[PDB]
Structures are given as structure tokens and as C-alpha cells.
Amino acid sequence: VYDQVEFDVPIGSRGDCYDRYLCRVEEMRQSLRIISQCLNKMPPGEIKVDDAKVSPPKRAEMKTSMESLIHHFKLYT
Amino acid sequence: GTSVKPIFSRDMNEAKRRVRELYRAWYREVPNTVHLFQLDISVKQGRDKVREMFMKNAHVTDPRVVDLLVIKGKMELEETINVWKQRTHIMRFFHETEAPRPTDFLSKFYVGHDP
Amino acid sequence: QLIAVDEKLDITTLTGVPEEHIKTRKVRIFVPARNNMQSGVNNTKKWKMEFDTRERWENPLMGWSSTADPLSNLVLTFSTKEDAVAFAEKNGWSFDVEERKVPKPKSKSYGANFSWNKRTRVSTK
Amino acid sequence: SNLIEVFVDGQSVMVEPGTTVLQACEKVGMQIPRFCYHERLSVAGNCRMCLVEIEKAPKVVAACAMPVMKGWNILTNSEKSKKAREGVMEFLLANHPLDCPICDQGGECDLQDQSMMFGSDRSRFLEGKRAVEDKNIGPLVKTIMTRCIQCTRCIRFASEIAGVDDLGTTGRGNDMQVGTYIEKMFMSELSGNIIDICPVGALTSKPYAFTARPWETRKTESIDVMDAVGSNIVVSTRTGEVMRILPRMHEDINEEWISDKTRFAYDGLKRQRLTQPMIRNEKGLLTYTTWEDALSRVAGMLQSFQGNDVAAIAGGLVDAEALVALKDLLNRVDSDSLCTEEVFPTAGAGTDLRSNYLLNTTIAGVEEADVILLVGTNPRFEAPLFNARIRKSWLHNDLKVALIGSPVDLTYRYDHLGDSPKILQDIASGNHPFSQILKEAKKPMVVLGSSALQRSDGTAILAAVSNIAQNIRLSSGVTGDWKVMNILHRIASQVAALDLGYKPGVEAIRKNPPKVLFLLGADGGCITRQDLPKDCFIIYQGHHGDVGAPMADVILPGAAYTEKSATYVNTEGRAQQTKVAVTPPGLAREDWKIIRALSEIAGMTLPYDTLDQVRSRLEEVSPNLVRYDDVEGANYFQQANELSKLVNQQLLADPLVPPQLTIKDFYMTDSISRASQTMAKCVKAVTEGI
Amino acid sequence: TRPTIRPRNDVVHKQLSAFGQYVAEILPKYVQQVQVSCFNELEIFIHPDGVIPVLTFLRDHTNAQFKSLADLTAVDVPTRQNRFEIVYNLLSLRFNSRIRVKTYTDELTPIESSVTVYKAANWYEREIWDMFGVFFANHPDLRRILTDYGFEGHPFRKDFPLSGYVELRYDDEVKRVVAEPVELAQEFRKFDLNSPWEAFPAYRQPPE
Amino acid sequence: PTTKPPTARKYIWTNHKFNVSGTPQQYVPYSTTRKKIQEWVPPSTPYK
Amino acid sequence: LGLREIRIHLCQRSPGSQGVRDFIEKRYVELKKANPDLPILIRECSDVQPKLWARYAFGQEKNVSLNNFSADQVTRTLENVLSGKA
Amino acid sequence: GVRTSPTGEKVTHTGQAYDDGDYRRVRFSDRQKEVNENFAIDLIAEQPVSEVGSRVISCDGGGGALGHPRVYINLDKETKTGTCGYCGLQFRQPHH
Ligand code: SF4
Ligand code: SF4
Ligand code: FES
Ligand SMILES: [Mg+2]
Ligand SMILES: [Zn+2]
């Protein structure tokens, strides 16, 4: 979702150690900026793809329904 | 024709020449290896070991395989000269802690199932 | 230009394999048999090369299974039998080839379940 | 010719008339999902998993049962086909129990795999599930019928392949159940196969329960030695232990099945095993010793004597390599007393001609004959897969079967001519109606069991059968290459031993009692110490403690058939080889290696040092032993028949009685099966129901 | 079709196809094939002799300007007569694009070193030599990079065993580290995992 | 645990043990399975 | 010196075995009735060549090639082996 | 239900105990053999049999999602109790 956050890219001009150190410090500041944006815009919903042939089902479903148990077995073996 | 391309040598003569140059270099280097690594073996032992390694691949009749073997031998010599190898690496050629295994049928029958 | 080698391909001196695991090994080139517990045939399409089984013994401390041969798990996949044969030959391994087993076509007739005068009529459904 | 053109996804295919949609799909490499269809069973069409859409047709068809039509375009991956598959899978899984972690089928389940590949990934079933009560059908097949999906594969196999109509369905609707409706054991020589055909964990192996998962197992493709059929098998092993035995498909021999002994006798190998060399101490008791000491004692005893004073007896599970090694070793001593326990007539041609002692029609050839005569044999228990082939021919080709001997149950209807051997002469003189029947048979077969050659008049019986085959060949002429004459063997080692020149029977030992006797896995008790002089030196080499070991002075532990790569020759004459699955236990060694080491200790060192060199020696002695699937050979019936009519010994007035009259005499026949606890359970179950 | 399925981009697919045709047109002597994957990755299969020209073109062409070599590795497919597959991944910052260049070799055929085109190749080729045994001609300094000194074999080949042939320990009699044949207290357990039922009909092969 | 006691079970240890490494009570590993292959026992009576 | 067994390896449809085949088709039986206690093992070769094997006391044996022989040639060599010569 | 062996070695619930001739016993000298004292077979045998008034019962091991997968057990056999394949709990119908 990196197209939905705002931040700047630090750029050096000397190509030496000092400029790269300044760039890393500025990148830490930009990371704090992005973290703020991510904290404010966290949406609700599921956290893995709703496709049990890829992502394992929930434990409650695995102990309740036949297809969920089959897919859990096959995805973990 | 079989249409194959060379590595370095055109036929077996040039390959043998490269083999002889590599052997000369290793033979010259052996005493320096004995001195620098502080080995308890003699120079004669090292040169016999060098001779033994060459003899192992004596049977090969393909110039490309010989060329690759010479490249590997030069790499090994470079590792030895620069002391990138340690004493353990040099002594690994001698298999000093491996118990001898008999090649006779009776000895193998007695110890286990392996042929 | 080219040199036109007239020898047989042989790379054993360059593979780093110890001599014992070259001359004393027997490889098997075969199409694996279908597992009889299932009807799927997708595991009977490719050729397999595998090594001869060596000794396994129980570990004294935990009773685990211990081996001393490094090729006990090596299995190679090939598109054709000729490819596997060429690989085995250039690696210096002596091999045994088994021809592919294909189930023969069968004549199925659902109507034969109810024959007027043959023994193929079924007593139950 | 008559081929019609259909289309699979637009790709043109030419098929024979009567080909189904599923087979047309198979031709281009597309496997249709299935649950009830089996290509060796009758078409059922009840599971409905094989529904596929035909282009320009509104109704899906059952691919397993519907013949193709000219110009049809089968759409295997269309929306209609996929929706049908998902619906059928949903219906199948609605009442299925959540048993995968405790189900032995897990990991090799057709239900699981086809749900993963063609079903949905979730459930919308919001009701309770059905539960059915379990059934007891014996100690071999474990039954959990809540997992049943009612494909009726087991019923069709039991009726069609095994000839037993004990299985069926009771009730109807959602309450229909597969079973016997009464407490009754489904006991057959081929019963265990219903474990393989069952697509789910409803039927499982009881000895195998809870011990392994399919992804753990390592598979070794080898051969069975429990009879002379030479069934191809897969050996499942895990962490150095044999876990189970499965069938391996060979269309010419067993083609999907194994007998129950072949499937469940693996248990015997885990007990009563010889692991260390043994000698006799000061008190006459067997005591463990090293290989060097035992080999030195045997070598000294062998250097002491020469010629007729040395002899050997080969058992029923010996391989060709060890047989040829022992033959060479005893030949170096100038001994020719190399014998087998199984008796074959030696007069006339004897072992000189291979066709004299082979099943010349081959197992596949049974599918082409119209009349088969069975003489003094019980094919059901001696060769269960051969009897299964006979039943296949009886069911599908209207084969006519007649038997001379005791009226055994063969799972198919046959004509019983009688049990006296005089009937043979009556058919040889033309004074029998069945002689007329054989005269009008254009593809006749006559099969004589090896067990009938064990009586004193076996030579006369063989001569009479040869006379019958002669009259068939003379009256009906020569039909090309049909090979009417046939011999059915029951011992896995017999044909290789006959090929190598071993003397059939043990009579030579009786006539010249040796002072040194070699028992190569001989456990038939044919010769005890009463038949031998006192202070006779007896050496036993084998893998099991049985009849032969307690009477031996020195014990040499050998390898079992699962522990070596070894050659075995079929009753057809086909040579096959086993593969190493596990190594021999303890200090046991390969048998030919033991013989070669002994030869080197004794001073007469054998030339061969590796397995390949021993097989080169085998090729030197009999070149057919290194052709590993060839079954074709020359026919010398005329010479053998001519040589068989110069000896005119007479028949005996004793009925021909097979050694195994009922199922209880089937489970324990050899050293491995006698040590099996599963076979003991089977014997206890068949002798008393309870 | 919407929520769980990855969306596809057709503009990038068209652009990559056009550029693949462009490269194939400019260099017919070496280009054997061009492909665009359905997740929008462009590959060009070439004859080995064109390793240096093609790369140079891609690096210096005004319309290509692939001036960064992201990665260079090998793949081993034993069933092929030419065992080893050489893969170059290139990135163009000017046009914000990526391209893949593929060629092949066997055990005895050298591949020309591309250090003159990309400096980054220097170590990558060394790694390919160490792990697969592919020799690069005119390499400034070719030797092992990852394996231990004096190590024998090329471990990334399919026929090389997972645990190798030798193992190390300390010996007190010789007072040094020594190498011996591998012995494992617990053997690695091979798992047979593949399902006997076909998963992807779109990739089915003809029955020969 | 004073205000929120744990659930009582008949198999939970009633006496906590600390780390016992370096002591006689220390854990020693061993195989928990029975013997796999059973050997033949020769008869105890003479054979002649 | 003391003959123990005779082994004849003849191929099924190779031309070079034809004469040997003819012998077995015509004059094997008589030989069997002349030596009724002598093992004469008839086996089949692969595509290489015909062969006759003669085994003697104490494990000694030698082989003679029967390639392209006629029936008369194989009878001659067989009775040479059975008699105390060669 | 831990019992002792002739050498005094404690027997595990799987039934393992070294024989007298076995040298591996030396590993327990000056140390101890770890044995779990709670034999699950006896503990599950101690549980009472539930009686229910239906031909089919359902078991999930207790605690809902904290138990095992839910399975259905048939109780038609009068001379036998239905046993859960996960838990070991037993169910039956009222008789006599
Ligand atoms: S039969 Fe298959 S789907 Fe049913 S419980 Fe067993 S493994 Fe699972
Ligand atoms: S028991 Fe198995 S084979 Fe028989 S009907 Fe049920 S699912 Fe089919
Ligand atoms: S496979 Fe066709 S209906 Fe079952
Ligand atoms: Mg099953
Ligand atoms: Zn429960």
C-alpha cells in the first residue's frame, strides 16, 4: 500500500560516509512519518486471503466443518 | 566433428604442456609449504603426495576435462601460496585420522554388508 | 574454431564424488508405480533415477535411524529414459533400466451388467 | 477402420466404438475425477463425480458409463463440469466424519485429494451428521463405516473378482448401509484387496493401523516369494523397518492384486529370526559364535569329505544366486547331490527341456483358451492370482473348466469328472465325453499341479497328461503356437533350481546318505536325522528358526527376500529380481556372499566377487535367468512326449487329494508365514468364528 | 473474482511485448525467443555466443538503458543436454523497467565473462563457478567464494547430496580439525508429498 | 493467582521443581519403544 | 576327465542357431535314449552366438562355439565330447 | 500405574524397560530415569459412562473450540459402549 502513504526520499550530494549517515537519520524520520499514517488508516477486516486452498482456516472452523479439516490437513502436510 | 569448442587447449598435446607447467609449480612450492605451515612431514612426503594426486586423473583422455582439472589445480596452488589454506586444509590430503579399510572380500564380509 | 573431440563424455573427475560412491553404486532408472491406495495417475508421468539402498542402524542414545551413505535420499527426475541413461553414463554410474508399464485399454460396457445369457450379469447393484 | 472421431476440448481423437467419455478423455492425458468407477470392475455410475458437459447438450453425462458418439466435443474444464464436481463433492462431504487426524487413509485419500482439486474450500452444511454402527468381517480388514461413501466398489470386487457374494447393501435412502447384515467374516484368499479399492478410510488394514503415514514411507519395488506366481509388489519401509506390502501393477501376472498371505505375511519376518552364527558347545547346545569360527568349522568338515559324502537340500524361498553358488561349491568337491524338496519326475526328458516343467500357456494365455482341464490341483490356494485369472476368463470369455481331483470350491462353477486317476487314461483312450469336448476345443489347456507330482506315481500321472496333450495335438492338429501342456508350480525357488540343474526330489539323498548335509533354507522336514547316519554334520543357512535349525550342527544366518537383490523365476518361466528394502538384521549376510566366503575359507575359492559377476555366472549356466521380463521360449513337447512313453509305470488307486483342502490350510505354508501372528489370527478366525 | 484474485495490468503487458519485439528485431543473430509472463515480466532467450553483445546493447542503448545488474544466477536441470541455465536480471532506472536474459551451457562449455559490461558480475560469476561448476572465460580473478578452502564438488547441483560427503571435527591426537566421511545419527527423512491428482489443467503436457 | 486462581486438575504437579541440570535428578534421554526384531531361541535339549 | 553335464545354449530364431535347432528337432531324442542318466540341459541364448558347455569332475568345464554349424557338425562335436578325446 | 521390573527399573506407560543384560542402563547410574506417573489409560478408564436418550450422540472433547474436532457416535449396539476416537469418553443408551 506504499502508493497510499506520503514521505520524502533523502538524497545526498557528496557520495561519502557522512552523507549516507545523514540519509539514514532522515530515513528514520520518514519512517516515523509513515508509521503515523499507517496507525491512523488501519482498516477493518480479515488478515489473510479468504481462500482455504492457500491460507489455513480458523481453528473453530477446522474443528467444525469437513472441508475446513481437509484443507487444514492438506495445507499442513 | 561433434562440434565442440575448447577452453584453452586445442588437443591433448597443449593440455599435457599445461599439466607439466602446473606440476613444476607445485613441485617448486612444496618446500615453502612445509616451512611456512610448520608441517611435521618431509619435503619428499609432500612431493609424493603431489605426484599421487596427478596420477589419480592420469586416465582422462578429454582435453576439456584436462583443462578444467588444470584450472582447479592452479586454484588450489593459489590457495596454498597465499596461506588462505590453514594447516588442517593441507593435512586433509593425508587422511591421518581415518582407519584403513581392507579391500579383500573376506574383510568386507566380516565387517558389514557394504560391497 | 572447434577441436572435434572424439571421446566419450566422462565428468567423474570433476564432480568431487568419492571413488567408492562411483564404482560400487547401482542406480535404477524407472517410472514409479502408481500407489495402489489411490486412483490418481499424475505421479506416473516422469522418469526417476534412484540409488541402491544401504545399511541403516538404530542410534544408541535415542534409538533414531542412522545412516552412513550420503546418497540415500538422492532422487532425480527426467523427461525420458534416454535422458536419465545419458546422465547416469556421463556420471559414471552403472544402471538398470526398467521399461514403462502402461495399463492396457479395456472394453467397458454398462449394458453387459444385464446380459440375457452371459455370466457378466450382476446379481446386485 | 471402424474408428470414430470425437473431440476432447476441441482436440480430435480416434476411438473404437463402445469407448466411454472417460476413456476418450484418458487418451489425451486427462483424468476424469472418479469415486465409483474402477477399470477392472463393473460400471456402476452411482457416485456421480465424473459428470462432464457435452457441447451443445443441456444435460451433463456420466463419463464413466456413457459411450462417445461421432462428433461429440467433450468439455472437461467448462463451468458446467466444475459446478457439477463442486456440488457432488459437497454432497459427499455433508455427512462425512471429521476423522482425518485419526483416519489411516489420511495423506493418501482420494476423497481428500479430489476435494482439494475439484471441490469447494468451505462448508455450508448446518445440520447434524449421520453415524452408523461398525461391522466385523474378520481380523484382516478394519471397518469404520461412518466414513463409507457408498461407491459399492467392495461389493463389486467381492462378487466379480473373488466370487464371494457376502457383501451388499441394506436399507435405502440416507440409511442404506454396506455390509453383510449378519455377523459373518469376509474370508477369502483375496479379501485384503478391498482395502486398496476402497477410496476412503471405511476399510483399512488392521495389522497396519496407526503405524505410519504415506508421506513418511519409502517405496521399494520388488517381487513376492510366498508362491510361484511372482506377484509384483511395493514394499513400504520407514526408518529401517518394513511397514507394509502393497500390490504393484503388472498386467501379465497379477495386474492389480495380491493374495492375503502375500499382503499380511510381512509380520513373520520380525520374529524367530536368525541373527548370529551358532555352533554346538560341549553340551550339545547351540551357542553364538563369530563368522570366522563357524566358517572355519564348516570348511574343515567340507575338506574332510568328497563326492557322494557331501549333499545339499534347497528350500522353498532360495534365490538363484545362492543356488548357483552352492552348486559350484559342491561341484568343486565333485559332489552332484544338489536337490530340492519339491519333487518333479526325472524319467524321460526330465529337466533337460524347460517346457517339460513350465506353465507354457502363461498366465495371460488363460484369457484366450476356451477349455481348461485341472488335474490334481487346488489353484485357489496354490496360486490365488492364477485362479483369479481363471475366474476372469470364466466370467468374461465363457471359459469352460473341468477338474480331476477332490471337489474343492474354486469360486466358479466347474464340471467335476472325478477324483480317480484312471479317468486320465479314459480321456487318453478317447473313451470319455470330455475327450470329445477337448477334441472340438480350438484353444485347449491342460494344467497339472505340482502338488499332484509328489506321490510315488507322479511320473505315470505326468505321462498320462502328456498322452492327453498328444491326442489333442494329433486330433486337432497344430494351431500354431498354443502350448496346451502346462505345469503349475507352488514353490518360488523350484523353476530356477530346475533351470540350474538341481536334482528334483530328495531321493538321491535317501539312496546315498551323505556325511555332510547342507540345508539351504530347507524347512519342509523331508529328511530328519533318522534318514541320515549318526554323527552326520548338518549345516543350516537361512533366516528363520524353524524345522531345519534345531537339528543343525552349525547355523549360518542369511537374508530374507526383503533384504537382498535376488533372482526368482516364475512358474511361467519368467525371471524377475527383488530389491533391497532393509538390510539383514544382526550379523546376517547375503546368502551367495556366505557361500563365496565359505569357498574362500575352504580353499576352493569361487571366481565371482560381486553380484554382477554372480549374475554373469548365472548367464553362463542358464542364459534365461538374466532376461528379467522375458517369458517367450521354445516348445519341445514332441521330444518330451516321445521320451515319456518308454517308461510304463502304473497309476495308483488313490484319489488325488490336494494338500490344502480348505482355507485354514492356506495361511501357513512356509517359514515366514508360520512365524506370522497375523496368519495365526487368520487360522484361529477361520477354525472358529466367535 | 474480485477480492482474492490478483488484478492484472494490460498496459504494461502490451508495452513489454512491444519492447520484446523491438529487441528481437534489432538482434536476430542471437535472440532465440521472447516471452512475457502473465504477471508482466519480460524474458529473452538467447544463444550463448550473444551474451556480451545483447547485454551491451541493453546497457548502452538509448531506448533500453538497463544500467543496473540486479542479479545473476544459474539453474540446474539435469534432464537437459545443456544442464545449466544462466539468468541475468537487469533494471532500467530511466524507463523504470526490468528485463530478464537467459542462456544455457553444459559442464564443459565456458561462458564469456560479463565483467566488462557490469562490474557487479565479478562476484556473481564466482558464485556460479563455486556452486555449479560453470567456467567463465576472461574472468579477472575466478576462484571459490562461498565454500570452504579445498572443498570438492559443486553443492548446488541436483545430484549433489544435501549433507555432502565430508564432515568436520576436532581430533586431539593430531590436535587439529579433521575431515571424515559423513555419518548421521539421524538420517534426514525424505517426504513423498506430491498428490497423484493433477492440480493445474492449463499446464497439462501432451501424452507424447 | 490470589485473586484469579488457576483451574485445578488432578494431574497438575502439586510441587514445583526448579531447573535440575547438573544434579543427580537431571533428565537423561532414552528410547521409549520396545524391541523391533525378535531372535530365535534355540532348544534347551540335546539333539542326538 | 569324467563328464557330469552337458549344456546347449541355442537361440530361438537366429540364423546361426538353425543347424543346432535342427539337431534338437531330429537327433536329440536318440542321444537321450543313449545316455539316459546324463543331464543335457537345453537353454536359450540372447542374440550373441550358440554355445555348447561340457562340465567335468571337480568343477572343471569348457565351452565350444556352435556358430553356423550344421546338424552333422554338432553331432560330431557332441560325440567327440562324450568320447575320451579333446 | 507405574510398576517395577526385576532389576528395579521403573516401567513407562509405553512399557519400555531395559533388560538385565542391557548395557544402556549405565546411563542412569548416579542419575535418574524420567518416567511420567500419570498413565492416561487408567485415567480414561476411571471416567464414568454417559447415558443419553438418542441413537446418535456428538462429542467435541469439552470446552468448545478448545477441544477436538466434533464427531458423531452411533449407539445402536446394545452390548457395547460408543467410544470417542479423540477423547476416549464413553456413551450409551439406558438399558434394563
Ligand atoms: S477417509 Fe479421507 S476424508 Fe475421510 S476422514 Fe479419512 S482421510 Fe479424511
Ligand atoms: S466400504 Fe469403501 S469400497 Fe465399500 S462401498 Fe463403502 S466406500 Fe465404497
Ligand atoms: S465415476 Fe462415474 S458415476 Fe462414479
Ligand atoms: Mg481404504
Ligand atoms: Zn471426545
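Keep in mind that the numbers below use all heavy atoms, side chains included, and drop hydrogens, waters and symmetry copies. Just so it is clear: chains get the letters A, B, ... in the order the sequence lines come, proteins before strands, and each one is counted from 1.
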*Could you have a look at B:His89, B:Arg64, B:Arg87 and say which one has the most heavy-atom pairs with chain E under 4.5 angstrom?*
B:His89
*asked:* If you count heavy-atom pairs within less than 4.5 Å of chain E, which of B:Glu79, B:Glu78, B:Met91, B:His95 leads?
replied: B:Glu79
*Where on B:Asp40 is there a heavy atom nearer than 4.5 Å to chain E: the side chain, the backbone, both, or neither?*
neither
*Counting only heavy atoms closer than 4.5 Å, note whether E:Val177 contacts chain B via side chain, backbone, both or neither.*
both
_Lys/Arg-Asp/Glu bridge criterion (N-O < 4.0 Å) met for E:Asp148, B:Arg92_ = yes
*Below 4.5 Å from any heavy atom of chain E, which atoms of B:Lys72 appear? Answer side chain, backbone, both or neither.*
side chain
*Distance-only polar pair, side chains of E:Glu43 and E:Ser37, donor-acceptor under 3.5 Å*: no
_Side chain / backbone / both / neither for B:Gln86 at chain E, heavy atoms under 4.5 Å_ = neither
*Decide, yes or no, whether a salt bridge links E:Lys102 with E:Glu85 under the criterion of side-chain N to carboxylate O below 4.0 Å.*
yes
_At a 4.5 Å cut-off on heavy atoms, which part of E:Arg143 comes close to chain B: side chain, backbone, both, or neither?_
both
*Would B:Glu96 and E:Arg176 pass as an ion pair if we require N to O under 4.0 Å?*
yes
*If you measure from the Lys or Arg side-chain nitrogens to the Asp or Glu carboxylate oxygens, is any gap between B:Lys44 and B:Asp48 under 4.0 Å?*
yes
_Testing E:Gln32, E:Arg80, E:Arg83 one by one against E:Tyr104 for a side chain to side chain donor-acceptor pair (under 3.5 Å), which residue passes?_
E:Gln32
_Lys/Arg-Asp/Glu bridge criterion (N-O < 4.0 Å) met for B:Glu14, B:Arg17_ = no
*What part of E:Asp106 is in contact with chain B, defined as an atom under 4.5 angstrom from a non-hydrogen atom: side chain, backbone, both or neither?*
neither
*Kindly assign one of parallel, tilted or perpendicular to the pair B:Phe109 and B:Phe105, based on the angle between their ring planes and the thresholds 30° and 60°.*
parallel
*asked:* Does any backbone or side-chain atom of E:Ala179 lie under 4.5 Å from a heavy atom of chain B? Answer side chain, backbone, both or neither.
replied: both
*Please flag which part of B:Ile71 lies under 4.5 Å from any non-hydrogen atom of chain E: side chain, backbone, both or neither.*
side chain
*Can you say whether B:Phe8 sits under 4.5 Å from chain E via the side chain, the backbone, both, or neither, judging by heavy atoms?*
side chain
